[PDB]
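One letter stands for each residue in the lines below.
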Amino acid sequence: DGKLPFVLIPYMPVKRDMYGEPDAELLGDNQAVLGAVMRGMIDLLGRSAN
Amino acid sequence: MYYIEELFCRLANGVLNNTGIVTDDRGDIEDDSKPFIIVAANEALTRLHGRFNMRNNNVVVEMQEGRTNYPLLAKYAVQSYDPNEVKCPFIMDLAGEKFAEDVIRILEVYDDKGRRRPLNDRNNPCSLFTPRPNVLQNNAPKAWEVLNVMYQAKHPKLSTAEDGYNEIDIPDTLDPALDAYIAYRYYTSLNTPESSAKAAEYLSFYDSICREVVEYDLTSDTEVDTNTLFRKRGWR
């Protein structure tokens, strides 16, 4: 072949760049917000007398 | 900020002008009845410092091994203590005014390491306890542990005796409340129906002034701060 034996496969390509972006880049804030709501619901039920 | 002498002159030329407890020239109170005003004055100042968080003071307590209860009394301070009775005082007031024994309610406790020690937390193993309002209890005194206690402090006790405390430090807007309360005790002590009706009016006036202060918030009693739970809960 006469060149490097490595192959690059990006997931979401970046304009004029090698490394792509995974799905975790866009969902950073959404996961944190969702986690806060779930913990709040459990705390309301868990700490309540029953 | 005025001395105790001006209080007698203000009362003589104020609410108590008509009564016979003042001198002929209405310039001072009789020496035979000065302690009567002092008892009322001490009572009035305690009530004001309870309703309003005017004064906040902090003390330094040095832990001593073998002792779990640390009363906040004057005789345990480094100043004005008996070396014959207590061998080593644990309350340090080396600088500034002496410890006046004016503890009402403990607010927060911080140690020398810079952290916050939980107070009256029964489920917390390392929390302090207060079996009495003016007594601080530690269940594990260490070698060099030193505690700082922030508490709501009342005004120091006034006394006409020599080398006593004879200065009044209250906000000037509460002066009418002080005079009304003192007059209330004087008139209600006469056991006279004419004076009893007058005494009730002064008590209502004292309460009216206090609620006026709360309504307009002249003492800055309220306190708010930036919310920190937003980051603690991870809302982001």
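Residues numbered from 1 in each chain as written, not as in the entry; some residues may be left out. Chains lettered and ligands numbered in written order. Part of a larger assembly, values for the part shown. Heavy atoms only, no water.

cryo-EM is the method the PDB entry lists for this structure, together with a resolution of 3.65 Å.

Looking at the PDB entry, chain B carries the name 30 kDa protein, with the source organism given as Escherichia phage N4.

The PDB entry lists chain A under the name Probable portal protein, with Escherichia phage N4 as the source organism.

Visitor: Where do I start with the overall build of chain A in this structure?
Guide: Looking only at helices and strands, one finds 1 helix and 0 strands in chain A. In terms of overall size, chain A is more extended than a compact globule, its C-alpha atoms giving a radius of gyration of 22 Å where 50 residues would be expected to give roughly 10 Å. Counting only C-alpha atoms and orienting by the principal axes, one finds that chain A spans roughly 75 × 20 × 10 Å. Within chain A, the fraction of its 50 residues that count as buried is 6%. (Helix = DSSP H or I, 4+ residues; strand = E, 2+ residues; numbered from the N terminus. Rg over C-alpha atoms; globule rule 2.2 N^0.38 Å. Buried < 20%, exposed > 50% of the residue type's maximum accessible area, 1.4 Å probe, protein only.)

Visitor: Would you mind going over a nonpolar patch on the surface with me for this structure?
Guide: Together, A:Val33, A:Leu34, A:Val37, A:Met38, A:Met41, B:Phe230 and B:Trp235 line one region of the surface with nonpolar side chains, adding up to about 650 Å² of accessible area. Top element by residues in the nonpolar patch is helix α1 (residues 28-47) of chain A. It accounts for 5 residues. Looking at where A:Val33 falls in the secondary structure, it is placed in helix α1. Given the relative accessible area of 38%, A:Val33 is considered partly exposed. (Patch = residues over 30% accessible without salt bridge, like charges linked within 9 Å, V, L, I, M, F, W, Y side chains within 5 Å. Areas by Shrake-Rupley, 256 points an atom, 1.4 Å probe, with all protein chains shown as cover. Salt bridge = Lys/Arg side-chain N within 4 Å of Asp/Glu carboxyl O.)

Visitor: When you look at the interface of chain A and chain B in this model, what are you seeing that I'm missing?
Guide: A common way to report how large an interface is uses the accessible area buried once the components associate. Each partner contributes to the interface: chain A provides 5 residues, whereas chain B provides 4 residues. Together chain A and chain B conceal approximately 350 Å² of surface at their shared face, both sides included; 59% is due to carbon and sulfur atoms. The interface formed by chain A and chain B contains 0 salt bridges. Where chain A touches chain B, the interface holds 1 residue pair in polar contact. (Contact = heavy atoms within 4.5 Å. Buried area = accessible area lost by both parts, 1.4 Å probe. Polar contact = N/O pair within 3.5 Å; in protein donor to acceptor, adjacent residues only side chain to side chain.)

Visitor: So what exactly am I meant to see when it comes to the environment of B:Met1 here?
Guide: Residue and element names in this part refer to chain B. In this structure, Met1 sits in the segment before β1 (2-3). The class for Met1 is exposed, based on a relative accessible area of 60%. Sequence spacing of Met1 and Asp169 is 168 residues, and the spatial spacing of their C-alpha atoms is 4.8 Å. Excluding anything up to four places from it in sequence, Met1 contacts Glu167, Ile168 and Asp169.

Visitor: Is there a simple way to explain the packing of aromatic side chains in this structure?
Guide: Where two aromatic rings form a pair, the distance of their centres and the angle of their planes describe that pair. Residue and element names in this part refer to chain B. One pass over the structure, following the stated rule, counts 7 aromatic pairs over all chains. Plain terms: the ring middles of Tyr70 and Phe90 are 5.1 Å apart, the flat faces sit at 85 degrees to each other, and that makes the pair edge-to-face. Residue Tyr70 is found in strand β3 (residues 69-71), and its partner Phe90 is found in the loop between β3 and β4 (91-92); the two are separated by 20 residues along the sequence. For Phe90, a relative accessible area of 1% gives the class buried. Following the ring pairs from residue to residue traces out a cluster consisting of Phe36, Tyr186, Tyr187 and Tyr202. (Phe/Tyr/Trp six-rings, centres within 6.5 Å; stacked < 30°, edge-to-face > 60°.)

Visitor: So what exactly am I meant to see when it comes to the environment of A:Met18 here?
Guide: With respect to the element layout, A:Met18 can be found in the segment before α1. Taking the C-alpha atoms as reference points, A:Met18 and A:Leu8, 10 residues apart in sequence, are found 7.6 Å from one another.

Visitor: Please clarify how the pairing of strand β2 (residues 56-62) of chain B should be interpreted in this entry.
Guide: Every regular strand shows the same layout, with side chains that alternate between the two sheet faces. Alignment of β2(B) against strand β9 (residues 146-153) of chain B, held across 7 bridges, turns out to be antiparallel. Paired with B:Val61 across the bridge in β9(B) is B:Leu147. (Pairing = 2+ DSSP bridges.)

Visitor: Which parts of the structure should I look at to understand the pattern of salt bridges?
Guide: For side chains bearing opposite charge, pairing can occur when the charged atoms are close. Residues and elements named next belong to chain B. Enumeration over the complete set of coordinates arrives at 9 salt bridges over all chains. The residue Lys34 makes a salt bridge to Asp28 at a minimum N-O spacing of 2.9 Å. In this structure, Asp207 engages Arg51 in a salt bridge whose closest nitrogen and oxygen atoms are separated by 3.6 Å. Residue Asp207 is located in helix α4 (residues 193-216), and its partner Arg51 is located in helix α2 (residues 34-51); the two are separated by 156 residues in the primary sequence.

Visitor: How should I be thinking about the side chain of B:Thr19 in this particular structure?
Guide: All names here are of chain B. Mapped onto the elements of the fold, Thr19 is located in the loop between α1 (4-12) and α2. A residue is classified by how much of its surface remains accessible, and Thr19, at 12% relative accessible area, is buried. A polar atom in the side chain of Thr19 sits 2.4 Å from the side chain of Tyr186.

Visitor: Looking at this structure, I do not really get a negative patch on the surface. What am I missing?
Guide: On the surface, B:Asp24, B:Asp25, B:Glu30, B:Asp31 and B:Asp32 cluster together into a patch of negative charge. As for its position among the elements, B:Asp32 is in the loop between α1 and α2. (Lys, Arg positive; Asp, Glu negative; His and termini not counted. Charge placed at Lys NZ, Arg CZ, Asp CG, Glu CD.)

Visitor: Any chance you could explain helix α3 (residues 175-188) of chain B here in plain terms?
Guide: Side chains three or four residues apart in an α-helix point the same way, a direct result of the helix having 3.6 residues per turn. Residue and element names in this part refer to chain B. The end-to-end C-alpha distance of α3 is 20 Å, a good match for the 20 Å that 14 residues give at a rise of 1.5 Å each. Most of α3 sits inside the fold, with 10 of its 14 residues counted as buried. Among all positions of α3, only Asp175, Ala177, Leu178, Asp179, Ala180, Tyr181, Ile182, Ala183, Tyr186 and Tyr187 are buried. Looking at the packing, one finds that the buried side of α3 touches β1, α1, α2 and α4. (Expected span 1.5 Å × (residues − 1).)

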